[PDB]
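Reconstructed Cβ throughout: ideal geometry from the backbone, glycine too, with neighbour counts over all protein chains shown. Taken together, the values in this text are just the output of simple stated rules run on the coordinates, not laboratory data.
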Amino acid sequence: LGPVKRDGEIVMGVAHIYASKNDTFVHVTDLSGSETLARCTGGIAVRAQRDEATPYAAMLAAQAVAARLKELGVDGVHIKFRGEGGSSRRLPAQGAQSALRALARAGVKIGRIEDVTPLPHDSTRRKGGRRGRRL
Amino acid sequence: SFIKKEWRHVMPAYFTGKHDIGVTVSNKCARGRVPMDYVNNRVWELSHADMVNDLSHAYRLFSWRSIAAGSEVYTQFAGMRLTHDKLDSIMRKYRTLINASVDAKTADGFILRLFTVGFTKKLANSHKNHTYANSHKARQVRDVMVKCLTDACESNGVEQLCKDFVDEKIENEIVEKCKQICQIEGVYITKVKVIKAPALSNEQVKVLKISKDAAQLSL
Amino acid sequence: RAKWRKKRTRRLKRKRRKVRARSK
Amino acid sequence: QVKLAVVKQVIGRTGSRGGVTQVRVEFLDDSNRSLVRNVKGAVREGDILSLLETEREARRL
Amino acid sequence: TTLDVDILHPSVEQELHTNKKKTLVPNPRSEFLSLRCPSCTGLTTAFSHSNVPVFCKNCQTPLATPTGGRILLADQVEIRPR
Amino acid sequence: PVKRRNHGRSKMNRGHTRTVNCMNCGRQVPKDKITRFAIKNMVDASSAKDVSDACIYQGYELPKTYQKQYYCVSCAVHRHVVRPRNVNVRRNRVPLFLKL
RNA sequence: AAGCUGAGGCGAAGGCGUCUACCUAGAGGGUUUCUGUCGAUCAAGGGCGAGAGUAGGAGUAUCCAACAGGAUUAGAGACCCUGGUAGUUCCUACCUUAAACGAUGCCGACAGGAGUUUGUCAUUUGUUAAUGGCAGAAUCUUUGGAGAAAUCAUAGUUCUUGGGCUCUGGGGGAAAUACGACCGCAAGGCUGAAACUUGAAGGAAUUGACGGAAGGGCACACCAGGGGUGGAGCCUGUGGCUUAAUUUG
């Protein structure tokens, strides 16, 4: 129970797919900023830690949200892609594009996909150092 | 679990409408309080394409602060941006990129900071791969970008501005002048951040088509 | 590594300095 | 529950030890779509494969 | 033709193409132009390169104006060879 | 001896240059010394036809991500962005693509 | 101070990237301005000099020598992970070293083509361009000469040996040392031996072999499987122990 729909109207929301190595987030919310059901690979998504970020486990979490959305029930959610933060400069993982596609074939209506990765303008030092990571 | 949270419609045209945009959900007003003691300056973020159902100008983005209401939330110009896809696409190598940040007051009671990005162009007779504008001929353009943008902003009120950002009127008035010096291909107006918004007066309620239900509450 | 050998002598010298002043 | 593909074209072979094929398939359910799935054994074009899960394509090529 | 070049008596092209100093006799590429604004009828001498912006006696506006090289002839103005 | 006239550095006329980072090592390297401008599709390819059923707004253009990539020699070789090659074709300063 | 950002520009080198106003220096070009050899190079002597480091204030977001845990390993004082103070930033004094590298001292002349490119001028309406001039910055080449070779339009014009100045090296260690001095708050810098010791230490390139280097191929090499061996008793071969001999490969 929620929308109190007018009759022949469409209700829209947001996705916020934060895709980063080690985890995936499908934290859907209203445009204003009131959070609806979220979920993620780590929580209800799986187990292990091995397979948090892997694109099956993102695909499982993105059905678990869209179970609820029809129920709430929204309709379609705008998708914004967040990769990772500024110092690292990392763009979204593979687990994004499986999470998006599970919402489509759930199925939930969509539109306006954006990359909202916080990139810096120069700014700060990375981890590691001069030589950086060497493994 | 979720029950008892009161959903409300969202609503100034301006450029288009299709006045209703979306439904935003907060919470029940529990006495001792107004509806406006929730929905406190929430921003929203919408393309031009959402209301007119048209491609073209799909990339441009608009934003509105939650200025007033309780029965139904009414809203006010927060600013503009591009989609990050579009802004990224414009940049090219082997060309002189040109910027111009302008602090500019409107005819009405906003204060704005506008931005822009403009590139040089090769054309016809030049065979070389890279054309670079001179420091002087780049600084000539920044004067043209400021002067056109600051004058066109200053003269007109803010509904005309927000129409002209869709119509790309100010874009074309720049390339007029540049033909004389540097051709400059590209030219987009990127951002306009609202620094100092007008406070909610009863004259502004009469302008923006905000109902009697709102100004009873939030004043 | 020559760098290190250099570091070792720097150290070696600083010790002979110490011992010597023991006796100024 | 127990859906039925059929092999349009064998693109090639894969795995570390060359153990498995992978194949373009068009669903026999008739909903339509093409899925790129890794099969185990040996596959002649036009063969029918039963998939517990219709979702997820394999990885890359 | 690296080996044979005739350098005592070169072409009229090649003297103009080579540098001011590099010619067989060194001498400059710059002369005193006569000038006239169509307003006046007074015929004014000037140095083509200049440094100083040129006026006639009568008017007020400079006849020629200074750049790096040759003088920049402002307005419709003309040259009588003398 | 000198392997390259360049010395692996593309800088002439200047004593100093800025540093960047390979995306993988995170290593600090001068800018002068393995960049790629990289356009990938944001959805995918096989995902895209499943999406365009469920799209609000008809037709639409599904956007592309852009990324300027900086590596470093150690990182570049491991990923097969660059490899070593024969002493004669080291000089070859054009990329693989070729046109008429 | 991303992207623009390049074998692009400026600066004596170290080095220098948002925009605005402010004070300041100069290279290159043009010049029928002026002076008239005022110059080249340099022991001493004088300044500038990455990053680290030091002293005293002002900061302290990020990252982080040390340090503390966690993993891995035989051990791990490390590589990987989570935290972390000194430092990293500004101001006033210091220190004076780097693969401070074009590992190529400075000024001067001449010797070959080719097209790039930065600044600026010249003759043209090919005017954000064409051809040519000086000054930069690189490049290419079936060119000449040089070099041990790699290679180099300078590393050419050198037994066909001499344009002018300065500094350095004289087999390898011992020795970025010792002693003595000067400079330094200190860390150190700078100048710089001998006893003794040794037959090589090095440079470039070729042929192999090798790589937990890359790319091509292959086979019971694995994959999928089938049947065994390793356990039990016995037959035989070999090591051990035994013996006069347990003949021997």
Please report the spacing between the Cα centers of the range B:102-135 and the range A:53-67 in Å, no decimals.
44
Summing +1 per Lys or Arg and -1 per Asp or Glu among the other residues with Cβ less than 15 Å from E:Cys37's Cβ gives +1
Percent relative contact order for the range A:1-93, counting Cα pairs under 8 Å at least six residues apart, stands at 35
On the formula 1/(1 + (r/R0)^6), with r taken between the Cβ atoms of A:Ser88 and F:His16 and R0 of 30 Å, the FRET efficiency rounded to 0.05 is 0.70
So, over other residues within a Cβ distance under 14 Å of B:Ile189, counting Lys, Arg +1 and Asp, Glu -1, the net charge is +3
HN-Hα J couplings of the range B:153-160 from phi, Karplus 6.51/-1.76/1.60, θ = phi - 60°, integer Hz, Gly and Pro as x?
5, 4, 6, 8, x, 7, 5, 5
Is the shape of the protein assembly as shown rounded, prolate or oblate, going by the alpha carbon gyration tensor and its root eigenvalues a ≥ b ≥ c, with a/c under 1.5 for rounded and a/b larger than b/c for prolate?
oblate
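State which stretch of chain D is the longest one without any exposed trypsin sites (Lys or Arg not before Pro), exposure meaning a DSSP loop state and at most 10 other Cβ atoms within 10 Å.
Numbers: sites that count: D:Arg17, D:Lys40, D:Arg44, D:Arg60.
Answer - D:18-39.
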If I model a spin label at E:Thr1 and E:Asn19 as a point 7 Å from the Cα along the Cα→Cβ vector, what separation in nanometres do I get?
2.4
Rounded to one decimal in nm, the spacing of the 7 Å Cα→Cβ label points at D:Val43 and B:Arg31 is 6.9
Chain B: antiparallel bridges as % of DSSP beta bridges, rounded to 5, reads 95
Take every DSSP beta bridge whose two residues both sit in the protein assembly as shown, then give the antiparallel share in percent to the nearest 5.
85
Considering only DSSP beta bridges with both partners in chain A, what is the antiparallel share in %, to the nearest 5?
40
Classified through the alpha carbon gyration tensor (a ≥ b ≥ c as square roots of its eigenvalues; rounded if a/c is under 1.5, else prolate when a/b is larger than b/c, else oblate), chain A comes out prolate
Can you work out the PRE-style zone for A:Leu119? Point 7 Å along Cα to Cβ, and I want the residues of the range B:90-106 with backbone N under 19 Å.
B:90-100
If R0 = 41 Å, then E:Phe47 and E:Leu8, at their Cβ-Cβ distance, give a FRET efficiency to the nearest 0.05 of 0.80
So for the range A:90-135, using the alpha carbon gyration tensor with a ≥ b ≥ c as root eigenvalues (a/c under 1.5 gives rounded; past that, a/b versus b/c decides prolate or oblate), I'd call it oblate
Please compute, for peptide F:16-28, the average count of beta-carbon atoms on other protein chains lying within 10 Å of each residue's beta-carbon.
4
Please report, in whole Å³, the volume per residue of the convex hull around the C-alpha atoms of chain F.
215
Under the rule of -39500 (n - 2.57) per DSSP H run of 4 or more residues, summed and divided by the residues of chain A, what mean residue ellipticity at 222 nm is obtained, to the nearest 500 deg cm²/dmol?
-7500 deg cm²/dmol
Label-point gap, in nm, between B:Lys128 and C:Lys18 - each point 7 angstrom along Cα→Cβ:
6.5
Which GluC sites (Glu not before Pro) in chain E pass both tests, a DSSP loop state and at most 15 other beta-carbon atoms within 10 Å?
E:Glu31
Tail beyond 16 Å, pair distance distribution of chain D (Cα, percent)
37
Using Cα pairs closer than 8 Å and at least 6 residues apart in sequence, work out the relative contact order for chain E, in percent.
22
Please work out the Cα center distance from the range E:1-47 to the range F:1-67, rounded to the nearest Å.
55
Round to a whole angstrom and tell me the spacing of the C-alpha centers of the range B:155-178 and the range A:90-135.
35
FRET efficiency (F:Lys31, D:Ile11; Cβ distance; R0 45 Å; to 0.05) is 0.65
Return the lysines within reach of B:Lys177: Cα separation strictly under 20 angstrom, same-chain partners fewer than 8 residues apart disregarded; answer none if there are no such residues.
B:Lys121, B:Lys122, B:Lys137, B:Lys147, B:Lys169
Which net charge results when you count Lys and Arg as +1 and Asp and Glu as -1 among the other residues whose beta-carbon is under 13 Å from that of B:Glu171?
-3
